[PDB]
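K.L.:
This one is coords-v4.pdb, PDB, C-alpha atoms and all ligand atoms.
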```
MODEL        1
ATOM      1  CA  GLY O   1      60.568 173.715 224.719  1.00  0.00           C
ATOM      2  CA  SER O   2      60.552 170.690 222.424  1.00  0.00           C
ATOM      3  CA  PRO O   3      60.736 167.063 223.631  1.00  0.00           C
ATOM      4  CA  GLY O   4      63.722 165.341 225.208  1.00  0.00           C
ATOM      5  CA  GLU O   5      65.171 164.355 221.840  1.00  0.00           C
ATOM      6  CA  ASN O   6      68.170 166.646 222.329  1.00  0.00           C
ATOM      7  CA  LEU O   7      69.220 164.439 225.243  1.00  0.00           C
ATOM      8  CA  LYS O   8      69.429 161.381 222.990  1.00  0.00           C
ATOM      9  CA  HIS O   9      71.995 163.354 220.990  1.00  0.00           C
ATOM     10  CA  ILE O  10      74.676 162.824 223.635  1.00  0.00           C
ATOM     11  CA  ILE O  11      73.649 159.171 223.885  1.00  0.00           C
ATOM     12  CA  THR O  12      73.905 158.432 220.164  1.00  0.00           C
ATOM     13  CA  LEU O  13      76.639 160.876 219.157  1.00  0.00           C
ATOM     14  CA  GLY O  14      78.422 159.841 222.339  1.00  0.00           C
ATOM     15  CA  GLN O  15      78.643 156.128 221.583  1.00  0.00           C
ATOM     16  CA  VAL O  16      78.909 156.820 217.852  1.00  0.00           C
ATOM     17  CA  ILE O  17      82.519 157.779 218.562  1.00  0.00           C
ATOM     18  CA  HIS O  18      83.474 154.229 219.539  1.00  0.00           C
ATOM     19  CA  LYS O  19      81.304 152.812 216.755  1.00  0.00           C
ATOM     20  CA  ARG O  20      83.880 154.242 214.350  1.00  0.00           C
ATOM     21  CA  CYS O  21      86.679 151.991 215.603  1.00  0.00           C
ATOM     22  CA  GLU O  22      84.337 149.109 214.783  1.00  0.00           C
ATOM     23  CA  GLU O  23      84.764 149.937 211.095  1.00  0.00           C
ATOM     24  CA  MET O  24      88.258 151.422 211.326  1.00  0.00           C
ATOM     25  CA  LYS O  25      91.409 149.299 211.126  1.00  0.00           C
ATOM     26  CA  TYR O  26      94.550 151.438 211.272  1.00  0.00           C
ATOM     27  CA  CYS O  27      93.175 153.777 213.937  1.00  0.00           C
ATOM     28  CA  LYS O  28      91.326 150.886 215.575  1.00  0.00           C
ATOM     29  CA  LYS O  29      94.224 150.839 218.039  1.00  0.00           C
ATOM     30  CA  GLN O  30      93.884 154.465 219.134  1.00  0.00           C
ATOM     31  CA  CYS O  31      90.137 154.808 218.572  1.00  0.00           C
ATOM     32  CA  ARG O  32      89.775 151.767 220.828  1.00  0.00           C
ATOM     33  CA  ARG O  33      90.837 153.723 223.912  1.00  0.00           C
ATOM     34  CA  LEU O  34      89.414 156.975 222.541  1.00  0.00           C
ATOM     35  CA  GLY O  35      85.844 155.699 222.454  1.00  0.00           C
ATOM     36  CA  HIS O  36      86.243 153.664 225.634  1.00  0.00           C
ATOM     37  CA  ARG O  37      87.340 156.799 227.486  1.00  0.00           C
ATOM     38  CA  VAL O  38      84.791 159.027 225.751  1.00  0.00           C
ATOM     39  CA  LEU O  39      81.980 156.597 226.566  1.00  0.00           C
ATOM     40  CA  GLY O  40      82.721 157.151 230.243  1.00  0.00           C
ATOM     41  CA  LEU O  41      81.087 160.564 229.923  1.00  0.00           C
ATOM     42  CA  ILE O  42      77.941 159.465 228.091  1.00  0.00           C
ATOM     43  CA  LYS O  43      77.745 156.287 230.170  1.00  0.00           C
ATOM     44  CA  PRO O  44      76.359 158.140 233.219  1.00  0.00           C
ATOM     45  CA  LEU O  45      74.210 160.144 230.802  1.00  0.00           C
ATOM     46  CA  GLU O  46      72.242 157.095 229.660  1.00  0.00           C
ATOM     47  CA  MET O  47      70.876 156.488 233.158  1.00  0.00           C
ATOM     48  CA  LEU O  48      69.531 160.045 233.256  1.00  0.00           C
ATOM     49  CA  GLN O  49      68.477 160.133 229.602  1.00  0.00           C
ATOM     50  CA  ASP O  50      65.433 158.150 230.728  1.00  0.00           C
ATOM     51  CA  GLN O  51      64.582 160.124 233.866  1.00  0.00           C
ATOM     52  CA  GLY O  52      64.406 163.174 231.620  1.00  0.00           C
ATOM     53  CA  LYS O  53      60.740 164.160 231.600  1.00  0.00           C
ATOM     54  CA  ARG O  54      60.003 167.879 231.888  1.00  0.00           C
ATOM     55  CA  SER O  55      61.565 170.429 229.534  1.00  0.00           C
ATOM     56  CA  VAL O  56      64.677 171.637 231.359  1.00  0.00           C
ATOM     57  CA  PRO O  57      65.548 172.414 235.002  1.00  0.00           C
ATOM     58  CA  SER O  58      68.234 175.026 234.349  1.00  0.00           C
ATOM     59  CA  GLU O  59      69.431 176.229 230.944  1.00  0.00           C
ATOM     60  CA  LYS O  60      72.702 177.035 232.711  1.00  0.00           C
ATOM     61  CA  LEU O  61      73.678 173.359 232.691  1.00  0.00           C
ATOM     62  CA  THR O  62      72.073 172.655 229.316  1.00  0.00           C
ATOM     63  CA  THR O  63      74.447 175.218 227.816  1.00  0.00           C
ATOM     64  CA  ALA O  64      77.326 172.932 228.790  1.00  0.00           C
ATOM     65  CA  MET O  65      75.939 170.131 226.622  1.00  0.00           C
ATOM     66  CA  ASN O  66      75.412 172.470 223.667  1.00  0.00           C
ATOM     67  CA  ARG O  67      79.168 172.928 223.280  1.00  0.00           C
ATOM     68  CA  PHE O  68      80.125 169.507 224.641  1.00  0.00           C
ATOM     69  CA  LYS O  69      78.020 167.870 221.929  1.00  0.00           C
ATOM     70  CA  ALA O  70      80.355 169.366 219.325  1.00  0.00           C
ATOM     71  CA  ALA O  71      83.403 168.331 221.350  1.00  0.00           C
ATOM     72  CA  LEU O  72      82.854 164.646 220.582  1.00  0.00           C
ATOM     73  CA  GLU O  73      81.199 165.425 217.246  1.00  0.00           C
ATOM     74  CA  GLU O  74      84.670 166.312 215.968  1.00  0.00           C
ATOM     75  CA  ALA O  75      86.105 163.018 217.214  1.00  0.00           C
ATOM     76  CA  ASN O  76      83.860 160.845 215.042  1.00  0.00           C
ATOM     77  CA  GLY O  77      84.329 163.275 212.169  1.00  0.00           C
ATOM     78  CA  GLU O  78      88.113 163.155 212.435  1.00  0.00           C
ATOM     79  CA  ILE O  79      88.165 159.353 212.492  1.00  0.00           C
ATOM     80  CA  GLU O  80      86.386 159.291 209.131  1.00  0.00           C
ATOM     81  CA  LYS O  81      89.110 161.154 207.239  1.00  0.00           C
ATOM     82  CA  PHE O  82      91.789 159.461 209.344  1.00  0.00           C
ATOM     83  CA  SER O  83      90.713 156.240 207.631  1.00  0.00           C
ATOM     84  CA  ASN O  84      92.778 157.430 204.666  1.00  0.00           C
ATOM     85  CA  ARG O  85      95.932 155.315 204.456  1.00  0.00           C
ATOM     86  CA  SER O  86      97.877 158.398 203.366  1.00  0.00           C
ATOM     87  CA  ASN O  87      96.491 160.463 206.245  1.00  0.00           C
ATOM     88  CA  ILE O  88      98.017 158.197 208.892  1.00  0.00           C
ATOM     89  CA  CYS O  89     101.091 157.477 206.772  1.00  0.00           C
ATOM     90  CA  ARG O  90     102.085 161.128 206.396  1.00  0.00           C
ATOM     91  CA  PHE O  91     101.191 161.660 210.056  1.00  0.00           C
ATOM     92  CA  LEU O  92     103.368 158.860 211.429  1.00  0.00           C
ATOM     93  CA  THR O  93     106.134 159.287 208.853  1.00  0.00           C
ATOM     94  CA  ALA O  94     106.190 162.988 209.727  1.00  0.00           C
ATOM     95  CA  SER O  95     107.178 162.086 213.287  1.00  0.00           C
ATOM     96  CA  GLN O  96     105.713 165.290 214.719  1.00  0.00           C
ATOM     97  CA  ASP O  97     103.220 163.930 217.248  1.00  0.00           C
ATOM     98  CA  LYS O  98     102.362 160.681 219.030  1.00  0.00           C
ATOM     99  CA  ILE O  99      98.607 161.041 219.516  1.00  0.00           C
ATOM    100  CA  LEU O 100      95.917 161.264 216.837  1.00  0.00           C
ATOM    101  CA  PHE O 101      92.843 162.540 218.679  1.00  0.00           C
ATOM    102  CA  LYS O 102      94.617 164.463 221.441  1.00  0.00           C
ATOM    103  CA  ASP O 103      93.056 167.757 220.355  1.00  0.00           C
ATOM    104  CA  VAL O 104      89.468 166.500 220.475  1.00  0.00           C
ATOM    105  CA  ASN O 105      90.310 164.678 223.704  1.00  0.00           C
ATOM    106  CA  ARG O 106      91.862 167.682 225.446  1.00  0.00           C
ATOM    107  CA  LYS O 107      88.733 169.733 224.752  1.00  0.00           C
ATOM    108  CA  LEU O 108      86.359 166.838 225.424  1.00  0.00           C
ATOM    109  CA  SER O 109      87.777 166.646 228.949  1.00  0.00           C
ATOM    110  CA  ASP O 110      87.944 170.420 229.387  1.00  0.00           C
ATOM    111  CA  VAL O 111      84.302 170.946 228.420  1.00  0.00           C
ATOM    112  CA  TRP O 112      83.255 168.015 230.605  1.00  0.00           C
ATOM    113  CA  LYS O 113      85.052 169.470 233.625  1.00  0.00           C
ATOM    114  CA  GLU O 114      82.612 172.375 233.911  1.00  0.00           C
ATOM    115  CA  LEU O 115      79.729 170.572 232.205  1.00  0.00           C
ATOM    116  CA  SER O 116      79.656 167.620 234.604  1.00  0.00           C
ATOM    117  CA  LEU O 117      79.918 170.218 237.370  1.00  0.00           C
ATOM    118  CA  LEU O 118      76.585 171.720 236.317  1.00  0.00           C
ATOM    119  CA  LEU O 119      74.985 168.288 235.949  1.00  0.00           C
ATOM    120  CA  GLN O 120      76.146 167.168 239.393  1.00  0.00           C
ATOM    121  CA  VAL O 121      75.104 170.411 241.086  1.00  0.00           C
ATOM    122  CA  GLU O 122      71.738 170.456 239.319  1.00  0.00           C
ATOM    123  CA  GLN O 123      71.032 166.847 240.293  1.00  0.00           C
ATOM    124  CA  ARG O 124      72.730 163.711 241.614  1.00  0.00           C
ATOM    125  CA  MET O 125      74.669 162.660 238.514  1.00  0.00           C
ATOM    126  CA  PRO O 126      77.880 160.578 238.449  1.00  0.00           C
ATOM    127  CA  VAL O 127      80.639 162.171 236.371  1.00  0.00           C
ATOM    128  CA  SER O 128      83.850 160.758 234.902  1.00  0.00           C
ATOM    129  CA  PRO O 129      86.151 159.537 237.704  1.00  0.00           C
ATOM    130  CA  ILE O 130      89.336 160.453 235.840  1.00  0.00           C
ATOM    131  CA  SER O 131      90.959 163.812 236.579  1.00  0.00           C
ATOM    132  CA  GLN O 132      89.967 164.996 233.103  1.00  0.00           C
ATOM    133  CA  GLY O 133      93.013 166.909 231.903  1.00  0.00           C
ATOM    134  CA  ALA O 134      96.544 165.530 232.104  1.00  0.00           C
ATOM    135  CA  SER O 135      95.528 161.942 232.857  1.00  0.00           C
ATOM    136  CA  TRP O 136      94.202 161.761 229.298  1.00  0.00           C
ATOM    137  CA  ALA O 137      97.562 162.573 227.714  1.00  0.00           C
ATOM    138  CA  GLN O 138      99.283 160.309 230.239  1.00  0.00           C
ATOM    139  CA  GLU O 139      97.497 157.205 228.955  1.00  0.00           C
ATOM    140  CA  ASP O 140      97.141 158.508 225.398  1.00  0.00           C
ATOM    141  CA  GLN O 141     100.908 158.974 225.163  1.00  0.00           C
ATOM    142  CA  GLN O 142     101.749 155.695 226.897  1.00  0.00           C
ATOM    143  CA  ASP O 143      99.320 153.764 224.697  1.00  0.00           C
ATOM    144  CA  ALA O 144     100.277 155.736 221.589  1.00  0.00           C
ATOM    145  CA  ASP O 145     103.641 153.975 221.795  1.00  0.00           C
ATOM    146  CA  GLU O 146     101.901 150.789 220.661  1.00  0.00           C
ATOM    147  CA  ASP O 147     101.048 152.572 217.410  1.00  0.00           C
ATOM    148  CA  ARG O 148     104.733 152.287 216.511  1.00  0.00           C
ATOM    149  CA  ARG O 149     104.909 148.499 216.210  1.00  0.00           C
ATOM    150  CA  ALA O 150     101.154 148.191 215.697  1.00  0.00           C
ATOM    151  CA  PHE O 151     101.414 150.258 212.514  1.00  0.00           C
ATOM    152  CA  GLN O 152     104.597 148.656 211.186  1.00  0.00           C
ATOM    153  CA  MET O 153     102.925 145.289 211.764  1.00  0.00           C
ATOM    154  CA  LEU O 154      99.870 146.238 209.704  1.00  0.00           C
ATOM    155  CA  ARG O 155     102.244 146.656 206.762  1.00  0.00           C
ATOM    156  CA  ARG O 156     103.675 143.151 206.385  1.00  0.00           C
ATOM    157  CA  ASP O 157     107.066 143.010 204.667  1.00  0.00           C
TER     158      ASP O 157
HETATM  159  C1  LIG O 201      71.538 170.534 226.051  1.00  0.00           C
HETATM  160  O1  LIG O 201      70.690 169.778 225.183  1.00  0.00           O
HETATM  161  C2  LIG O 201      69.505 169.287 225.811  1.00  0.00           C
HETATM  162  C3  LIG O 201      69.842 168.770 227.186  1.00  0.00           C
HETATM  163  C4  LIG O 201      70.275 167.467 227.344  1.00  0.00           C
HETATM  164  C5  LIG O 201      70.586 166.988 228.601  1.00  0.00           C
HETATM  165  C6  LIG O 201      70.463 167.820 229.711  1.00  0.00           C
HETATM  166  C7  LIG O 201      70.795 167.312 231.065  1.00  0.00           C
HETATM  167  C8  LIG O 201      70.278 167.941 232.195  1.00  0.00           C
HETATM  168  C9  LIG O 201      70.587 167.460 233.452  1.00  0.00           C
HETATM  169  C10 LIG O 201      71.417 166.363 233.590  1.00  0.00           C
HETATM  170  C11 LIG O 201      71.938 165.737 232.472  1.00  0.00           C
HETATM  171  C12 LIG O 201      71.631 166.206 231.210  1.00  0.00           C
HETATM  172  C13 LIG O 201      70.025 169.133 229.546  1.00  0.00           C
HETATM  173  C14 LIG O 201      69.722 169.603 228.284  1.00  0.00           C
HETATM  174  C15 LIG O 201      68.498 170.403 225.927  1.00  0.00           C
HETATM  175  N1  LIG O 201      68.760 171.665 225.739  1.00  0.00           N
HETATM  176  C16 LIG O 201      67.633 172.397 225.921  1.00  0.00           C
HETATM  177  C17 LIG O 201      67.353 173.767 225.845  1.00  0.00           C
HETATM  178  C18 LIG O 201      66.093 174.221 226.086  1.00  0.00           C
HETATM  179  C19 LIG O 201      65.064 173.325 226.411  1.00  0.00           C
HETATM  180  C20 LIG O 201      63.702 173.830 226.671  1.00  0.00           C
HETATM  181  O2  LIG O 201      62.821 173.060 226.995  1.00  0.00           O
HETATM  182  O3  LIG O 201      63.438 175.145 226.547  1.00  0.00           O
HETATM  183  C21 LIG O 201      65.326 171.958 226.496  1.00  0.00           C
HETATM  184  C22 LIG O 201      66.606 171.493 226.247  1.00  0.00           C
HETATM  185  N2  LIG O 201      67.187 170.239 226.242  1.00  0.00           N
ENDMDL
END
```
What is this structure when it is put down as structure tokens?
P.N.:
Amino acid sequence: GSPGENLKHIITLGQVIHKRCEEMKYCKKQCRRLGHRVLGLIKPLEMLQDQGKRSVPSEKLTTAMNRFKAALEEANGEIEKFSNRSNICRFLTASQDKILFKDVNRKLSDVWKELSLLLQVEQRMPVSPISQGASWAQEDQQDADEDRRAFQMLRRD
């Protein structure tokens, strides 16, 4: 059983993702949109986080959060190491990819697809409006372009 502390997990760990950009600098550009987009999932979870009283209505839906929780957990964890100047340097210099948190994002949206489905079916709960899939890469790639000049700018010559 236990209290409704588990629910707060998504609330804290959810926003914690964006909190990183607050301390970051090089990834502050990407993390900016990363957290803003990731917060859209926990946003509608804060309004229900309070209503949560009894134990659990259906473990079926709760199971979606169990995995989802880790989905974003990796985001905040990846941003930490990303802070390394060499990490981003070798990444950009490598010229292999354009995004930085595309992996964690792709899964974050994939897990939410079904998850939100269980939360909406179990009870009136507003889920992310975005398509949750390709739309992510669409904006991530378009915005990632800024990283080009944004990065070069950070390193004054
Ligand atoms: C998944 O992590 C917690 C959680 C958080 C949020 C929801 C939720 C539900 C509806 C709409 C939106 C969100 C559900 C579950 C959680 N897992 C549990 C497992 C067992 C019990 C139990 O009492 O046996 C309670 C649990 N509490």
K.L.:
For the structure shown, which residues end up in the PyMOL selection byres (((not hetatm)) within 9 of (chain O and resi 201))? Put them as a PyMOL selection string, please?
P.N.:
chain O and resi 1-10+44-45+48-49+52+54-69+116+118-120+122-125
K.L.:
Atom CA of residue O:88 to atom CA of residue O:101: how many Å, to one decimal?
P.N.:
11.9 Å
K.L.:
Check the smallest atom-to-atom distance from each of O:31, O:71, O:155, O:98 to residue O:115 using only C-alpha atoms, then report the winner.
P.N.:
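Using only C-alpha atoms, the shortest distance to residue O:115 belongs to O:71.
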K.L.:
What residues come out when you apply the PyMOL selection byres (((chain O and resi 19) around 12) and not hetatm) to this file, written as an MDAnalysis selection string?
P.N.:
chainID O and resid 12:18 20:24 28 31:36 38:39 75:77 79:80
K.L.:
With C-alpha atoms kept, could you save the residues just selected as a compact mmCIF listing (two decimals), in the frame of the given file?
P.N.:
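This went into out34.txt:
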```
# COMPACT_ATOMS: atom_id res chain seq x y z
CA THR O 12 73.90 158.43 220.16
CA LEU O 13 76.64 160.88 219.16
CA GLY O 14 78.42 159.84 222.34
CA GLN O 15 78.64 156.13 221.58
CA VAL O 16 78.91 156.82 217.85
CA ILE O 17 82.52 157.78 218.56
CA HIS O 18 83.47 154.23 219.54
CA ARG O 20 83.88 154.24 214.35
CA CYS O 21 86.68 151.99 215.60
CA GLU O 22 84.34 149.11 214.78
CA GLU O 23 84.76 149.94 211.10
CA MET O 24 88.26 151.42 211.33
CA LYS O 28 91.33 150.89 215.58
CA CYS O 31 90.14 154.81 218.57
CA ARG O 32 89.78 151.77 220.83
CA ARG O 33 90.84 153.72 223.91
CA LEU O 34 89.41 156.98 222.54
CA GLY O 35 85.84 155.70 222.45
CA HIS O 36 86.24 153.66 225.63
CA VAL O 38 84.79 159.03 225.75
CA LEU O 39 81.98 156.60 226.57
CA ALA O 75 86.10 163.02 217.21
CA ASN O 76 83.86 160.84 215.04
CA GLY O 77 84.33 163.28 212.17
CA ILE O 79 88.16 159.35 212.49
CA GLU O 80 86.39 159.29 209.13
```
K.L.:
For residue O:83, which residue out of O:140, O:148, O:113, O:27 is the nearest one, using only C-alpha atoms?
P.N.:
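Of the candidates, the smallest distance to residue O:83 is held by O:27.
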K.L.:
Please compute the atom CA of residue O:26-atom CA of residue O:151 distance, one decimal, in Å.
P.N.:
7.1 Å
K.L.:
So that all listed atoms of stretch 40-59 of chain O fit with 4 Å spare on each side, what axis-aligned box centre and edge lengths in Å, to one decimal, would you give as lines of an AutoDock Vina configuration file?
P.N.:
```
center_x = 71.4
center_y = 166.3
center_z = 231.5
size_x = 30.7
size_y = 27.9
size_z = 14.9
```
K.L.:
Quick check, in Å to one decimal: how far apart do atom CA of residue O:90 and atom CA of residue O:144 lie?
P.N.:
16.2 Å
K.L.:
Run the PyMOL selection byres (((chain O and resi 132-139) around 12) and not hetatm) against the file shown and list the residues it catches, as a ChimeraX atom specification.
P.N.:
/O:30,33-34,36-38,40-41,97-116,127-131,140-146
K.L.:
Can you fill out stretch 102-114 of chain O with N, CA and C atoms and hand it back as a PDB file, in the frame of the given file?
P.N.:
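Contents of the output file out20.pdb:
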```pdb
ATOM      1  N   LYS O 102      94.271 163.770 220.205  1.00  0.00           N
ATOM      2  CA  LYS O 102      94.617 164.463 221.441  1.00  0.00           C
ATOM      3  C   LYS O 102      93.891 165.800 221.538  1.00  0.00           C
ATOM      4  N   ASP O 103      93.736 166.468 220.400  1.00  0.00           N
ATOM      5  CA  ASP O 103      93.056 167.757 220.355  1.00  0.00           C
ATOM      6  C   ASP O 103      91.604 167.621 220.801  1.00  0.00           C
ATOM      7  N   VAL O 104      90.871 166.727 220.146  1.00  0.00           N
ATOM      8  CA  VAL O 104      89.468 166.500 220.475  1.00  0.00           C
ATOM      9  C   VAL O 104      89.315 165.965 221.893  1.00  0.00           C
ATOM     10  N   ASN O 105      90.331 165.246 222.362  1.00  0.00           N
ATOM     11  CA  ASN O 105      90.310 164.678 223.704  1.00  0.00           C
ATOM     12  C   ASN O 105      90.542 165.758 224.757  1.00  0.00           C
ATOM     13  N   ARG O 106      91.537 166.605 224.519  1.00  0.00           N
ATOM     14  CA  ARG O 106      91.862 167.682 225.446  1.00  0.00           C
ATOM     15  C   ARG O 106      90.643 168.562 225.706  1.00  0.00           C
ATOM     16  N   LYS O 107      89.924 168.898 224.640  1.00  0.00           N
ATOM     17  CA  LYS O 107      88.733 169.733 224.752  1.00  0.00           C
ATOM     18  C   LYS O 107      87.571 168.948 225.350  1.00  0.00           C
ATOM     19  N   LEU O 108      87.430 167.696 224.929  1.00  0.00           N
ATOM     20  CA  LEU O 108      86.359 166.838 225.424  1.00  0.00           C
ATOM     21  C   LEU O 108      86.397 166.744 226.946  1.00  0.00           C
ATOM     22  N   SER O 109      87.603 166.733 227.504  1.00  0.00           N
ATOM     23  CA  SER O 109      87.777 166.646 228.949  1.00  0.00           C
ATOM     24  C   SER O 109      87.621 168.017 229.599  1.00  0.00           C
ATOM     25  N   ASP O 110      88.037 169.055 228.882  1.00  0.00           N
ATOM     26  CA  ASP O 110      87.944 170.420 229.387  1.00  0.00           C
ATOM     27  C   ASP O 110      86.487 170.863 229.489  1.00  0.00           C
ATOM     28  N   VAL O 111      85.712 170.577 228.448  1.00  0.00           N
ATOM     29  CA  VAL O 111      84.302 170.946 228.420  1.00  0.00           C
ATOM     30  C   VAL O 111      83.501 170.131 229.430  1.00  0.00           C
ATOM     31  N   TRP O 112      83.932 168.896 229.661  1.00  0.00           N
ATOM     32  CA  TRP O 112      83.255 168.015 230.605  1.00  0.00           C
ATOM     33  C   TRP O 112      83.501 168.463 232.041  1.00  0.00           C
ATOM     34  N   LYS O 113      84.691 169.000 232.293  1.00  0.00           N
ATOM     35  CA  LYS O 113      85.052 169.470 233.625  1.00  0.00           C
ATOM     36  C   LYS O 113      83.963 170.370 234.199  1.00  0.00           C
ATOM     37  N   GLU O 114      83.639 171.437 233.473  1.00  0.00           N
ATOM     38  CA  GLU O 114      82.612 172.375 233.911  1.00  0.00           C
ATOM     39  C   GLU O 114      81.217 171.796 233.693  1.00  0.00           C
TER      40      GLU O 114
END
```
